[PDB]
Every structure is written in structure tokens, then in C-alpha cells.
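Below is one structure, written out as C-alpha cells, with a few remarks after it.
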Amino acid sequence: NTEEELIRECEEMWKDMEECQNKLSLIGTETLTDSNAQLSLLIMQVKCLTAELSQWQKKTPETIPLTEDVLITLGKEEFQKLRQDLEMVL
Amino acid sequence: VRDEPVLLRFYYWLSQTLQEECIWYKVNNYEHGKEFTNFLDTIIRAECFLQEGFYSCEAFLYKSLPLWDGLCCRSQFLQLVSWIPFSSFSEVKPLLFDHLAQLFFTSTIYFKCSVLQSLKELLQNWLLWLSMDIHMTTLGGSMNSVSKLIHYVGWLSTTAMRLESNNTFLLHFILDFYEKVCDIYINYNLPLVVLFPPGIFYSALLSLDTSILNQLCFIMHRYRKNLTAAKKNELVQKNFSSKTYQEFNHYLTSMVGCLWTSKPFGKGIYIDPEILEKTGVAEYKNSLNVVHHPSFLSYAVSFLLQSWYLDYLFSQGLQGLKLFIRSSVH
Amino acid sequence: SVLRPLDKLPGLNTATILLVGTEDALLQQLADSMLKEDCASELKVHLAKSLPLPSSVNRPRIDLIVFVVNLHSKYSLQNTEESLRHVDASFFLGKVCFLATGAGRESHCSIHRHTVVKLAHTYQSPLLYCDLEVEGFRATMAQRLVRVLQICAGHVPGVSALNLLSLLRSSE
Amino acid sequence: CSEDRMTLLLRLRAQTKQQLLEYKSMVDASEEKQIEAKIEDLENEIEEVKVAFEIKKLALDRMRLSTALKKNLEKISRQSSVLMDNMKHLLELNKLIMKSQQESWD
Amino acid sequence: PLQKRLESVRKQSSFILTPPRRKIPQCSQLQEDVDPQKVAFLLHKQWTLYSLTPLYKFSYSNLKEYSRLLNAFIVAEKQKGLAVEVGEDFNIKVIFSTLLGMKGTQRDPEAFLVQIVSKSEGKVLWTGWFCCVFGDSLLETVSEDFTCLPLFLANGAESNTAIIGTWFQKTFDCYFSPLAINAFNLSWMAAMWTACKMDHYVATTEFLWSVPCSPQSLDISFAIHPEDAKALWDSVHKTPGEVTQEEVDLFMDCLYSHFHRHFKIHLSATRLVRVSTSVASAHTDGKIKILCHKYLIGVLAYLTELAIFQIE
Amino acid sequence: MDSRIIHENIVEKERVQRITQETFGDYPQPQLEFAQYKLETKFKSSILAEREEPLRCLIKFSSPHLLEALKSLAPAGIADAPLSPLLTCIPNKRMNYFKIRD
Amino acid sequence: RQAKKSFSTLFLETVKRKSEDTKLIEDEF
């Protein structure tokens, strides 16, 4: 069913994150001082923003088609919350 | 009057009084509590008359804004912001909006709605004072400031929607702002047309709420009227950026395609068609029409218990949809 | 030892915050104010006088660090300047915040707040103001700080700490 | 009771997606006036791509809900359910709100 | 315009720009117009500091009528029952008099004095002092009809101060506010007064600290010989003719370490309350006492810029 | 008590508490109001290294209940864990005014 | 090895829990 697929996806994400964490721990620590903090932080911001921009480009909407009943339940919950929001706005 | 010695006397008295009576600033007095609120109400009621703000209030805001926690005197403090004199946006940004934005992103949803209300009133006041001047910085410089303010609040709105996980209570205020924004050229005769970003448009178009769709239809109709009016006068006065026209055209084509044209797959919603076959939709062209949109589920189910029910929708009171339908087809 | 941002794997629906300062009573009151309310996540608060911390192995990963400075005391300012040299540069990318106390009573102040403004600007981080002795003011700061913590831990989709860097950036 | 696991398990999958993106961005990176402009360009680009991704995801979800809701419309008018009740209340609200909006316009 | 210049001046008061350094005060000969018998009267007295907004339509030509009206008001105020005529001779007397040679530059307005004399010459009961020394910042933003005297000093009972302040506020449309000195400014005063050169050291230099410990209370006093303090200052002073923030920090740090070596107590966690030296002494509540007639103008100028900052 | 909060530096707090209890005893302190010290020691800190004469100082402590304010300094964080013996030796030495030489 | 509890164990736990030198100064002066 859908539950098994979602669980398995969770284990793949966990395994990938464990591997990435293991790989990331081999870098040495860098500490700053009052004289050089600003420029170093600016350079690091440039590098990290450039890194994350491509990661967001790689992202694609994943399907994982769910069953029809869960969609109905989610719609019911959404309508229920919409009711309270509407009374407040009124 | 606009006499100088009286202005200076009032300035000194009011600035000293506000400094001494404030709550979180200059010895942090908490005993006055109600007295300060009453004094602020009197000041607000005095500057609603005279149609402008005092110079002392601006200095008090610029001094005491960094130390404010965002809850002490929310109503009166945020009502003082609306009466800030017109000035270039770049100058007052570090003084006011950098603190307001930092307080904005980390607070509750009611604070966000409050600041959206106050910014809408500020925009209305700035526009009111600008319109009378053209009857009498250059005009090109003046419109740049208001356009930057509109873009700033659009950025605020998009990030706020992302943080709050698409709450409709916030979306009502966000659309309330653009209701005032949409009609600037007709109301105040100032040549300026600014559209809301696609993040707001496609979050309003796909909302479950029906009042959101009604308001969006009304807003689009007002944009089309204003853009039609603006183009006419240019020929006699022969400059609006053309990109506005194509952007509005894309919005309009997507909107009509989703509703009753059965062409949902526009440039904005470019979902990959072969995924839809994997998704399981047999006929997606008519999935988001008036009949089958999840927003109109209530109306469809109600009418099913009772074909040609568009009049039923109009009777239920979808006036903006009626205007948009009548003007678009003809 | 040098504290590291991504040393350990995250826990399930858990967020952790570390408060570093000299006044212990203020830290305890702030922690209580943060924890009193109910939220969707599970919260943990760690209290420390300065960095580096005493060595331990069971410590979960830290998501956000708040440096609280007393404007009525030179000792606290010196302590924070000393503590700032034991955290790696990677940890200042949207995961550090400065909190300043005592600007309400100006007569007691031993530190000109141009100093804390310049320090916060130098280390590319936000600067917050609150008088922690007043309970009404402390209650709202606790909630603001909880929301920032939830953003930093990854519990709001689409917004991360590096994104939070641009939201809170000061023009000058 | 079964739906309880759905809510908790869905929340876990959404959190892990956000947390995994941070490690991947950090590893990739590991491998004054002039600097400041490039940062602003980069963050504008990031916002632009994020908005489009969100729009696509939301549109797909709404289309799925619409088709599934259509396929089971007949069962809904049989009614005798809490969801059917909620719909009757929703019709009452929308009407009042729209009337108030028109009055405010005038 | 003046209103716009005032607005701009206040709004450029931001915390991005660093505060400047200060020149070491230089002994200056008293002006020839200065009256020695009044100056001797002003010294060695304990004053209370206030800040004052500009006075609207104050004239130096007619001080006699001001004195007579204030006399009638004071006399009527004490006996709340019965009426008082203006020109009579009462138990107490009020005199308006003008000080000379007390202005920093040629642009500043002249100082003046107000006294309450118990006739029975008489014996002075209360005195108040209006002055402006080096006030070119405030004078630019204010029109001609006003008079700028940002600093007010009072010596006597507070119940008389309330009456005189009420009369002035009603008559000239001004605002009296107390002036306080915080630990930051007071530690700058200590170093600047130590830097000044003195031929003879009449009194020792002392600092007073307040320890915050919940329900309990504690005060610590620290006295040191003036020559020893001068040597300690000369150890750290390396910028010729100027005092820098780093030098002040080092000068305070030396005392902190000396105290901590003996008593194991962090004097940095405490709050500095009073500083007394050979030229003057000050308190955080806003009290000043001046002992040297050579360095009067420097003290008045420091306090004047402090009061100017408090109203703008 | 609210086990979510984790107190680091707990061992230092317990140690300073133990040291304060040992040094100041457990009896009610006798009530004094003043104490005076006269110092004639050399300055030892580059700074005044060549100077060979003592630095002359006189300091006083005043409190409504002295020896009770002093007891609370170390737990509050204003002093080190053991105070100097000059402060914890008032009643044992029956001394109130002191003189110290190098 | 305090048995790093498996995610599954920790998850169920949380779900279930939603119901609860004294000689150196006497030698210098």
C-alpha cells in the first residue's frame, strides 16, 4: 500500500543523509577573529548561495499517487478549517 | 496657519511629553499604561483632522521603534505610522521598514494583518497628497518611490504566505491591499500600473474559498478597465512599459482557460502532460471549470438536489464573477 | 573544542536552543517563558555561562545559539567577546542571534549601544532588544525566539536558516 | 486510528526533505561593494525558481483532488455525513461575506 | 527651513558612526569681565542639574518686573488663603541678576541668576542658574524669538524649585526635565579630570560603586592618592593631547585588576555611581560640585552638550 | 522540575555552593555595618614595572547587614568561589580595621 | 553503546508520551 512506499522512501532519505553527514565530517574547523570576520562571512555566503541555487533547480515535483480515500479525508479537513477561518473573517 | 514659532512651541512640548510618558523607552514606566493610550488616541483623532501628521510623532517613532516589542500599544502605535510624510523610499527604509520587517517575520499572524492594514492606509494617504500636487522632486521621481513601496509589500506578502502555510485569513488582507493598488490611475489620475507577483495570483486562483475567487475576478476586471483607459490617453499625449501588457495578458489567458475555455495548461501552469497520464486523470481539460472546481463544490452539490445554473450562482451573489464574465466575452 | 553546526543527525520532531550569558536568573526565567506554551515541536533548552562547553557525548545537535549581553555590566561583554572565538565560521550563516538587555534604563548603562550594534554588524547577525526583568515584555520575546528556532531546525517547508539570513538583513 | 499514522508519517516525510536539502547544499560548497551585488542576484534567482516549483505542486494537487472528488460525486448527495453538514454552513457564510464586501465598496 | 534643519539634524543621530575623541582640558585665565566675588560664591556648592527647552519671548531689558511678579506669586502661594498685592514689601524677596563672562563664545546668550533673600543685607535662601556654554548646535535650528539656555542648576530646597519652575513654565512656555549622568559618561569624566595638570592636590580621588545582590545591599569606596593616580594615568596615555576610548578602558582596567588581586571581587559587574577628584565631583542623580575656578568652563561645556543631547 | 531544561555548568555551581558553605559557616552571621582596609602594596601588572614605591589606597565597605551581602556574592557570580581571607575573617579575628603591607 | 534506539523505537516512545589555594594569599600579605 501507500504506507509501505512512504516508509521505504523515508529509509532511503535517511540513508542518503547519513552518508552525506559521514562525508561532511572530514573538513577541518575554521574560526574567525574580530579583524577578518566580515569578509570571510561574505565569501562563505556567496559560496553557499551558489551551492543551494543549483539544488533548488534539480528539484522536480514527485508523483507518489495516493489512494482516493486519503484525498477525500484531506479535503474534508481542509473544509473544516476553512469554516473557522471564514467565521473570523466575517 | 503654517506659522513657524507656533510650530516650534508645539514641537518642543509634544516631543518632551511623548518622551517622558512612553512605556518601553526612557526609564521604562509601566504605571501610565492607560494614560498613554488615551493620550495617543487624542493625538490620532487630532491628526485625522488637519489631514497630516506632526513632526514630533515621526521623531518619536524613529527613536523608539528599535526598542518596541510589538504588542504594548499596537493599535495606536500602528495608527501613528500611517501619518508619515511623503519622502523617498530609500531614505526612510533603514529608519522604519528594516525594523518593521524584522518584527514582522517573527511574530504572530494578527501582527502581520495589522501591519498590512497600516501599510494600506499609508499608501492611501501618500496617494491622496500626491494627486493634488499635479493640479498645482519631479513626477517621474515621485512615482518611483510608491512603486518601490508596492514591490516591497509584495515581497513581504509572498514570504509571509510561505511562512504561514497558505492561510486564507492572511490572503484576504493581501488581496485587500491590491484592491486599492489596482485602481490608482482612475482614482487619483497618476500614471502608474503595478501588478501583483505570480505567487499571489496562482495562490488566489487555486484557493478553496469562493470569496477569494470572487475578489480575484473583480480585481482582474479593474486591471483590464484601467489598462484600457491608460492606453487611450497615451495616443493623445504621444511611457508605459510594454511588459505589463504581456504579463497581464498571460494572467488573463490562464484565468479564462481554467474557468470555461477548457485549456488549463497555460504558460504559468506548465505541468508535464505525460505525468498526468501516470497521475490517473482521464480528461484534465475540464477538471478546473466552474462545475468541477473544488471551490464550487458546495454550489454544485446544492444545485444537484434541485444545467443552466449560472443564474443560480449570480443569485447566490458572485457579483465579481458576473462582471468578469460579461466584460470578457463581449 | 569547537562547536559545529551539522555534527550530528537530527532527531524526530525536536529542536534545541543554547543560551549563553552571565546572569543565570535571567536565563532561567527566559527558558521558563519559552517552555510554558504548547507548540507542535518538542523543545529543549540548554543553559551555559560561556564557551567552550564541558565535554560530553550525549549532547544532541544545537540548532540556534543566542548570546545575551547585559548593558549594565562590562563583565558580560568581555565574556561574550571571549566566547565568540570558539564557534566555527560555518555556524554564523543564519544560526546565531544577539540579545541585548537593559536599554530601557539608560542611567544604569555602562556600555554604549553603538558597541553592540557594531559587534552584531561585524559578525553578520541580528540584534534584538528586550528588558528581561519585565514579565510581560519577556513573554513575547520568548515566542518570537521559539518561531526563529522552529525555522532554523527545518520544521517549516521552503524556508531555511540561509534564507532567514536575507529576511533579517539590515540595509546599513 | 489508521488515519492517525497518516498525519504523523506525512509530517516526517516533509521534514526529512527539508533537512536533506541542507546537507547536500553544504557538501557542494565544501568541494566589499562588488561582492554584495552578486549575493542579491543569487537570492533573487532562488526566489524565482522556488515560486514556480510551488505553483506547479499546488496545481497538480488541486487537479488530483478535483478529479477524485468528481469520480465520487454521486455518493456525496446520498449525504447523511458530517462533511455534507459542513457544506451547508459554508454556503451561509460566503453569502454574508460577499454582501458585506459590496457595502464596504460603496 | 529651520523646522526642516531640526528634523534632519535629529534623524542623522544614528548609531552607525563611531563617537569621537576628546581634547584634554586646558587651564584658561578667567575673563576680565568676570566678577570674583560671584565666582567665589558659585564654587564649593552642591547643585542639581536640569535641562530646559528654549524660552519664548524672554527679554533682558525688563528683569525688575519679572522679579516683582515672581515675588508676588511666591508670597501668595505659601499662604493659600488670602490675596496679595503686587507692589508691597513682604517677608522674603526675589532678585534677578545677570552673570558676566560665563558664556563660551560670542554667540551664546548671557547667563543670569535668580535668588530668594530673606530680608531681616539679607541671607540667601535659594538660588538658580541659567547658562549656555558652547551651544552652536542648538542655536542654528531655532528662530530669533527664542532664547536658548539648555542648562539649569538649582541650589536650595526642592519645594521652592517646584514653585519657580511652575512660574517659568507657565510664563515662557518651557519644559523642565531632570538630567542624569550614566556610568559611561562618568568614567569619561574621571579620566579627563585626571589628565588635567594641577599644581597642588587639595583632595584625593575617589570612586563609589553599587553592587546588585537581590534583597541585600552593598557599597564599595576606592580612594587613592592624586599623585599615584596621575602616575597610573601617565603609564597608559600615549596619544599627545587627546583622550581615546581605549585609554579610558585601560585606565579603568588597571583599577579593576588591582582590586581583584586583593579581594577576588569583579568590579566590572558593578555600577559606578560617584566620581570625585581635585577639580570636581559628580553623581549619577545629576549633582555637580566644582572646586577649581580655572576649569569651570570645561565642566560647564561638558554638561551643556549633555543637556543639548537630552532635548534633541 | 521541568526536565526539558538542561543545566550545564552544574558541577561548578555545586562546587561554589559547597565552598561558600564551608567558608561562611551555617550559623546566623552577627550584624555589622562597616569595614575598612588600608593598602600599601606594590602594583604588579609593562605598566609601572620600573616603579619601586607602593600604591597608596584606602577602601571601605558599607551595608545595612554586612557579612550577609558578602556571603551571597559568589553564588550570584560577582566573586570567585573562595573569597580572599581578608573578607571572611572578621568575627574569628575580632578585627574591623585592617592595615596591609607588601 | 547506550543502544542508539532505532527511529522506530524513539518514534513510538514520543507518540505514547503525549500523556506526561587557601594558602597563597596568607603567604603574600
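So for chain E, numbering is Swiss-Prot's, and the shown residues are 26-145, 153-344, in order.
Placed from the backbone N, Cα and C atoms, the Cβ positions cover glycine too.
Annotated in Swiss-Prot:
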- E:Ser39: phosphoserine (MOD_RES)
- E:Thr43: phosphothreonine (MOD_RES)
- E:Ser53: phosphoserine (MOD_RES)
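Locations of recorded Swiss-Prot features on the structure.
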residue: E:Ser39; record: phosphoserine; Cβ neighbours (10 Å): 12
residue: E:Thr43; record: phosphothreonine; Cβ neighbours (10 Å): 11
residue: E:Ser53; record: phosphoserine; Cβ neighbours (10 Å): 11
Work out how many Å separate E:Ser39 (phosphoserine) and E:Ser53 (phosphoserine) at their Cα atoms, rounded off. 34
Would you mind reading off the Cα separation of E:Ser53 (phosphoserine) from E:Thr43 (phosphothreonine), to the nearest angstrom? 30
Structural state of E:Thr43 (phosphothreonine), classified by DSSP into three states: coil
